[PDB]
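2 protein chains.
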Amino acid sequence: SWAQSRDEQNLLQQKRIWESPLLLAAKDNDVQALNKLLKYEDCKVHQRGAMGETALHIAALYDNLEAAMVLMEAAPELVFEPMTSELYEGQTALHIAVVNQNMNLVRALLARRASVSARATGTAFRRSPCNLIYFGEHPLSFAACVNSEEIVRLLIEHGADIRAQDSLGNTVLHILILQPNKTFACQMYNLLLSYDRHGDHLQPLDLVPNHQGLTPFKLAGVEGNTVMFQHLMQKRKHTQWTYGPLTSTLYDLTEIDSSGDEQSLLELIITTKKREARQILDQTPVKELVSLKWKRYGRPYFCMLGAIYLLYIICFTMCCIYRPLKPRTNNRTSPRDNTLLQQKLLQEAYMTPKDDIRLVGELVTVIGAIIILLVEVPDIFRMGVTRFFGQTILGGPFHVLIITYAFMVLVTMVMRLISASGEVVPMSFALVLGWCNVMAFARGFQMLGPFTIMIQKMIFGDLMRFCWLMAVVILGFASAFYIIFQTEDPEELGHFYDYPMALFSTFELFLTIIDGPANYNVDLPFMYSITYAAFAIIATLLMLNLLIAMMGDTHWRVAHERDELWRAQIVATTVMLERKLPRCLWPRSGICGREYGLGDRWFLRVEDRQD
Amino acid sequence: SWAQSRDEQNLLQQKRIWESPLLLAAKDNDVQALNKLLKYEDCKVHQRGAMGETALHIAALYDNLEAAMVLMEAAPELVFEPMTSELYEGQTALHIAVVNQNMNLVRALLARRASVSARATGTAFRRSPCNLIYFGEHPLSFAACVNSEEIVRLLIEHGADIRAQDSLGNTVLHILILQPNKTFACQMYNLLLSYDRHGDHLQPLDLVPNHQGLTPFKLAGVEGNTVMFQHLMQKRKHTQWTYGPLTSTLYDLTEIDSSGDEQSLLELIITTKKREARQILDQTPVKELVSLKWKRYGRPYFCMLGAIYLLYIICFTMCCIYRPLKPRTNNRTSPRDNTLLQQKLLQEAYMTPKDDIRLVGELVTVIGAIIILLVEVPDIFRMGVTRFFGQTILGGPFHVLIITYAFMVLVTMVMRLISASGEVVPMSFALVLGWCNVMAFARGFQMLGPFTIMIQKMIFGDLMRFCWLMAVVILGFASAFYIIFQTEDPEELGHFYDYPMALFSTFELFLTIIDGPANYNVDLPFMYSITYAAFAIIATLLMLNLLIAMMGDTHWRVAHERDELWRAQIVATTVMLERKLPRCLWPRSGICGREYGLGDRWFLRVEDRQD
Ligand SMILES: NCCOB(c1ccccc1)c1ccccc1
Ligand SMILES: NCCOB(c1ccccc1)c1ccccc1
Ligand SMILES: [Ca+2]
């Protein structure tokens, strides 16, 4: 219950101004009552409000230069007094001066030589969803947000440093990026480029990283400020000759492609969470770049890894179906004559000329697990375990269960060396999601991907949400069937002889898979005949409602936004096999420079056609 | 990896201008540095760039007449020097002159009497999807594309030949057709008609074929430049009397209908691949023309061929169900008591008075195959075998399996003369797609067609795309069921006694047909009870997702574009039974001329109503 303290103190603002007749005249334009306040006696200049205010704080906050200049002969040092703490740590009147777009107080508090080096790093000033705004803390950082032109010109003419950085290391240029009024603040980008003039030996400010290592170029990408990205792009592209309707411009491509792990661009559009950012893939240098990364040595060296993979599964299944598999030897099946099993999975029979063939069929698989184990000993070391789930679901949640493939297929070889009876429990799991993970490769072969994308987005958000609701409407009828047939002999009509199978038999009855029980040779008890019917009108309702649960997402799908999610998925493939596959088979994308007056920067061009 | 060489040489353009101070001044407006370049010494006039450039090439390409005229006293012969090779084979400054819409250099390089006979047949200039533009190679061919009026007037006043043809034989008039800015280039059609004046004895240019035999009338049709087609149509139609709101105009109809195999119009809208072309059927002379070809002696002589066809199938099925069919005579069924068969298909029993009736019931069918064999001995000779598949899917993919009907129904008579045991393997196939091909005739009977059209577009693009995805999610569970019931006796619960039926029994379980395997008399092994359930929540997912896989196409369907695909399908019928059925029963469409001051051209009229 944190946010209550915001408001408790904010009414305490209205408390302290209420008791104070000086601050009562700081509310409105009571300059003639300010004449009644300062010339008649010595009131102290430190009349602190709820979080430590003075008059020109309150006066400029309630839009009053007329109350602001009359304290100047009263107290010139109160410009040097910031607001105290805990929400507004270091806030001065200069900062709220530009909040109200002007009052000409900006020259007037600069007539008391106010300091732009004041940093208001308080609670409400850092980036958080509990604060509905974000501004940085330097005053010129605020003036970029408010889109007030000559105000920015005014303070740089009085000693403003543009290269100053926030609590996170973001300069003022980052702060212009994170404004939700995007094109309306775009015009102040090049204005703040216009005061770069002294070229520092480290940066001309547009390559400045923050303490999360983001130059504000790609910070616009990882936030997805799309229209600002283009205006930022146009200075960086190097256009060559134009040929009538077409133009052979030439894009920069320095930080865009993967280079030596400097947190390159493409992995950051993947690993972010804000889904408006993925529309940066619809921008002119980027969509065609990933196309050539996907057309040439994209899918055919991807699907080649797919091609060996189902062969790995085929050589798994043949060494899965041929099993030790002896006849029934220890005992006859005594209990109940229900133990309908005879096979018992042999201890140490391998020397036959069939069992050598399965052995080379075997150990290729368990070593093949250890290959995809060694994929993850750096990769679990890379992005943790618990937030690795936070890496999964957005792009490749098929990646995680190929590892639970490996846990089971390793433990079943541990199982065969011990030869315990519980052998099928891995071998069930180790077979089914082996095949179920070949649909991860459906993205590579064309036109087959997007349903498998839509497979993903229906199961993890809708069907498991449905399976919450479905797993309780069963348990009524299932247990209601279970008690209603405790009365009856399970010799005939034996679906419900005990409670654990009574759930399962109801469950498969729920999907209308089983015939619907009914002897028709004896009588059935009376409430069976309606409750099963009372299950039926539910069975025709909610799975039919589940059929249309699909549709309310599907109108939000393909007509609008699965097609982007397909190619958003294709690049989550792209940087990841770029990373995991080492060099000397991938040549990195685009043309290299260094032979053409360009140097170490590699480039990429495209044609077009205008009007 | 071909397209890399485009860019490697295109940076080499920027390499050669970089080393050359003459070409450095050819970049921008360095005429005072051109004073520093030519008057002071004799620099050679052949300073070749990457693919062989000179200065006025580079100057006019970077929009500089001011650099262009200063080399004229330096080198007047460099107009006669084309760009060298391998991309731009024969490109001169005259060609790039009209690319930049003007510079008044067009008169100025004609002051050195430049040649419009220059043909730039280089790599980037022919029609290809690797080139984003298409222009032809004569300079007047370029000026039609750029839509620059008096520029076209200027060069014809200096010796331009309009009748010149490209590498493919297309003249300049074809080049105006293939511009993607369609109405914006439409105004230059009649302008280039306006300089026809000398009537040549062969053509007045608007009947010129190319080396694929396309007069640029129907070339607009086969590409589907719809709005240009109408403006091209209006001069060709011959309007008669107007009666207030109605007008009895009279359309030309020379090349539109099928005539003596001169690659007529209607078959070309069918056999093309670009699906924007089929909207030429929505144009005023064409839609009503095919209507009268379909209303009168269209369907009733089509459905008549349908009417004999199911009678052929009925007289096939009666000679399919009555079979030789002897009792069990060679041996008792010894193995396993599973060989539940007794019939063995008699060798040479035909003389009974029932078996003569099936014999006349027989040989009508195998001869009836040979009729639809003789349809194809010219037709396989017509359009090949492998690209005949490229004829199938767009219109009548039902046509191909009536031929695999014929292969099987021929081989089963080969089979009865040998009387091998494998008799049902054709007879299964020869029966099922015999009936399944009567739905080809669903297009003829009204309102029944479009679902059978939608049958086609769901199976060959979506369900076989689904059956990729579905055939792997089965094999997990199916083999997982197969290993989990290797343990168990297949006497009771015998769905999965071996692997080949284990797939099929899972497959029909997947569509929730089979009952779902459960004895309820014995115990079942433990991972059966969840993995079958783990099959169930997939079984309620993806075939339910397949249900809505239909819908994302269906919103792209009937609300917008199946109704055109229906009548696009009806004319693919129309020219084909026009072709395959010979004369003396079809009278060719429209009214004949030759009695009415019109001659050999046959015509067709229509009424209307305007505002
Ligand atoms: N095979 C290793 C799994 O890695 B996958 C993956 C790796 C990093 C981030 C997200 C997913 C994956 C890659 C392509 C397709 C499916 C999954
Ligand atoms: N019966 C011969 C098959 O020819 B069909 C056909 C012929 C040429 C091109 C495409 C298809 C066909 C014609 C009408 C309906 C269905 C198929
Ligand atoms: Ca049943």
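Protein chains in written order, with the authors' numbering: chain C, 28 to 638; chain D, 28 to 638.
Don't be surprised by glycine CBs; every beta carbon is placed ideally from N, CA and C.
With H, G and I counted as helix, E and B as strand and the rest as coil, what does DSSP make of D/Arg632?
Working through the second sequence from its first residue, we reach residue 632 of chain D at position 605. Reduced to three states, the DSSP call for D/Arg632 is strand.
Report whether the distance from the Cβ of D/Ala599 to the nearest heavy atom of ligand 2 is below 7 angstroms.
On the second sequence, position 572 is the one that residue 599 of chain D refers to. Indeed, a heavy atom of ligand 2 lies less than 7 angstroms from the Cβ.
Could you tell me whether the Cβ atoms of C/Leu121 and C/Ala145 are closer together than 8 angstroms?
Residue 121 of chain C sits at position 94 when you count from the first residue of the first sequence. Residue 145 of chain C sits at position 118 when you count from the first residue of the first sequence. Taking 8 angstroms as the Cβ cut-off, C/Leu121 and C/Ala145 qualify as a contacting pair.
Three or more C-beta pairs below 8 angstroms linking the region 483-497 of chain C and the region 446-453 of chain C:
no
For C/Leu308, which of C/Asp590, C/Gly617 and C/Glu605 has the nearest alpha-carbon?
Here residue 308 of chain C refers to the residue found at position 281 of the first sequence. Cα-wise, what sits closest to C/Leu308 is C/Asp590.
Listed in chain order, which residues are found with a beta carbon closer than 5 angstroms to a heavy atom of ligand 3?
C/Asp542 and D/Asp542
So with Cβ pairs under 8 angstroms, would you call D/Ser506 a contact of chain C?
Residue 506 of chain D sits at position 479 when you count from the first residue of the second sequence. So yes, D/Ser506 belongs to the interface.
Residues of the region 358-381 of chain C with Cβ closer than 7 angstroms to any Cβ of chain D, in chain order:
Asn365, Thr366, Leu367, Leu368, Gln369 and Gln370
Go to C/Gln267, then tell me how far its beta strand (DSSP E) extends in each direction, as first and last residue.
Working through the first sequence from its first residue, we reach residue 267 of chain C at position 240. Taken as a continuous stretch (DSSP letters only), the beta strand (DSSP E) holding C/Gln267 covers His265 to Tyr270.
Anything in chain D within Cβ reach of C/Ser275, meaning under 8 angstroms, just list it in chain order.
For this step, residue 275 of chain C is matched to residue 248 along the first sequence. Result: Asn37.
Determine, using beta carbons only, whether C/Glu515 comes closer than 8 angstroms to chain D.
Counting from one through the first sequence, the residue named residue 515 of chain C turns up at place 488. So, not an interface residue.
Cβ distance (whole Å) where D/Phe504 is taken to contact D/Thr533 below 8 angstroms:
Position 477 of the second sequence, counting from 1, holds the residue named residue 504 of chain D. Position 506 of the second sequence, counting from 1, holds the residue named residue 533 of chain D. Sure, about 6 angstroms apart at Cβ, within 8 angstroms.
Decide yes or no for the touch test of the region 275-294 of chain D against the region 225-232 of chain D: beta carbon pairs closer than 8 angstroms, at least 3 of them.
no
Return the bridge partner residues of C/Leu277 from the DSSP annotation.
Taking the first residue of the first sequence as position 1, residue 277 of chain C is located at position 250. Partner(s): C/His265 and C/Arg632.
Interface residues of chain C facing D/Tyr547 [CB-CB closer than 7 angstroms]:
Your numbering for residue 547 of chain D matches position 520 in the second sequence. Near D/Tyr547 (Cβ distances below 7 angstroms), the residues of chain C are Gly521 and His522.
C-beta neighbour in chain C for D/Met554, strict 8 angstroms:
If you number the second sequence from 1, residue 554 of chain D lands on position 527. Chain C contact via Cβ: present.
Measure the C-alpha to C-alpha separation of C/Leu368 and D/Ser556 and round it to an integer number of angstroms.
For the purposes of this step, residue 368 of chain C is identified with residue 341 of the first sequence, where counting begins at 1. For the purposes of this step, residue 556 of chain D is identified with residue 529 of the second sequence, where counting begins at 1. In a straight line, the C-alpha of C/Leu368 is about 16 angstroms away from that of D/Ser556.
Between the region 178-191 of chain D and the region 135-155 of chain D, can you find at least three pairs of beta-carbon atoms closer than 8 angstroms?
yes
Measuring only from the beta carbon, is C/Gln290 closer than 7 angstroms to any heavy atom that is part of ligand 1?
Here the question's residue 290 of chain C lines up with position 263 in the first sequence. Flag unset: Cβ of C/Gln290 not near ligand 1.
For C/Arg350, go through chain D and note every residue whose CB falls closer than 8 angstroms to its CB, in chain order.
In the first sequence, counting from the first residue as 1, residue 350 of chain C sits at position 323. Those are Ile510 and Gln513, listed as they occur along chain D.
Cβ of C/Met481 within 7 angstroms of any heavy atom in ligand 1?
As a working mapping, residue 481 of chain C is identified with position 454 in the first sequence. No - ligand 1 has no heavy atom lying nearer than 7 angstroms to the Cβ of C/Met481.
Please state the DSSP three-state secondary structure of C/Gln192.
In the first sequence, counting from the first residue as 1, residue 192 of chain C sits at position 165. Strand, per DSSP.
Might you give, ordered along the chain, the residues of its own chain that have their beta carbon closer than 7 angstroms to the beta carbon of D/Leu49, omitting 5 neighbours on each side?
The residue given as residue 49 of chain D occupies position 22 in the second sequence. The answer, listed in chain order, is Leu64, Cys70, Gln74 and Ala82.
Can you list the residues of chain C that D/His582 reaches, using a CB-CB cut of under 7 angstroms?
Here residue 582 of chain D refers to the residue found at position 555 of the second sequence. In chain order: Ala586.
Taking C-beta to C-beta, are C/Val173 and C/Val126 nearer than 8 angstroms?
Here residue 173 of chain C refers to the residue found at position 146 of the first sequence. Here residue 126 of chain C refers to the residue found at position 99 of the first sequence. It is a contact, given that the beta carbons lie within the stated cut-off.
Please confirm whether D/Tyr115 has its beta-carbon closer than 8 angstroms to some beta-carbon of chain C.
Taking the second sequence and counting its residues from 1, the one referred to as residue 115 of chain D is at position 88. It does not; no Cβ of chain C falls within 8 angstroms.
So does D/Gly423 have its beta carbon nearer than 7 angstroms to some heavy atom of ligand 2?
Residue 423 of chain D sits at position 396 when you count from the first residue of the second sequence. At least one heavy atom of ligand 2 is nearer than 7 angstroms to the Cβ of D/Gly423, so yes.
Are the C-beta atoms of D/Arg492 and some chain C residue less than 8 angstroms apart?
Here residue 492 of chain D refers to the residue found at position 465 of the second sequence. It does; some Cβ of chain C falls within 8 angstroms.
C-beta atoms of C/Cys342 and C/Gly417 nearer than 8 angstroms:
In the first sequence, residue 342 of chain C corresponds to position 315, counting from 1. In the first sequence, residue 417 of chain C corresponds to position 390, counting from 1. No, they are not a contact pair.
Once DSSP output is grouped into helix, strand and coil, what is the label at D/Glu116?
Position 89 of the second sequence, counting from 1, holds the residue named residue 116 of chain D. Correct three-state label for D/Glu116: coil.
Along the chain, which unbroken stretches of the alpha helix (DSSP H) at least 4 residues long are found entirely within the region 54-139 of chain D?
58-65, 82-88, 120-124 and 132-137
With three or more C-beta pairs closer than 8 angstroms as the rule, is the region 105-122 of chain D touching the region 148-164 of chain D?
yes
Nonlocal neighbours in the same chain, by C-beta distance under 7 angstroms from D/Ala595, ignoring five residues either side
Counting from 1 along the second sequence, the entry for residue 595 of chain D is found at position 568. Only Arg305 and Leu308 meet the Cβ criterion.
Compute every distance between the C-beta of C/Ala469 and the non-hydrogen atoms of ligand 1, then say whether any falls below 7 angstroms.
Locating residue 469 of chain C in the first sequence gives position 442, where the first residue counts as 1. Not under cutoff, so the answer is no.
Stretch-stretch touch, CB-based, cutoff 8 angstroms, three pairs: the region 320-330 of chain D with the region 257-271 of chain D:
no
Based on the DSSP output, what are the partners of C/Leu368 in its beta bridges?
For this step, residue 368 of chain C is matched to residue 341 along the first sequence. Its beta-bridge partners are D/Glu515.
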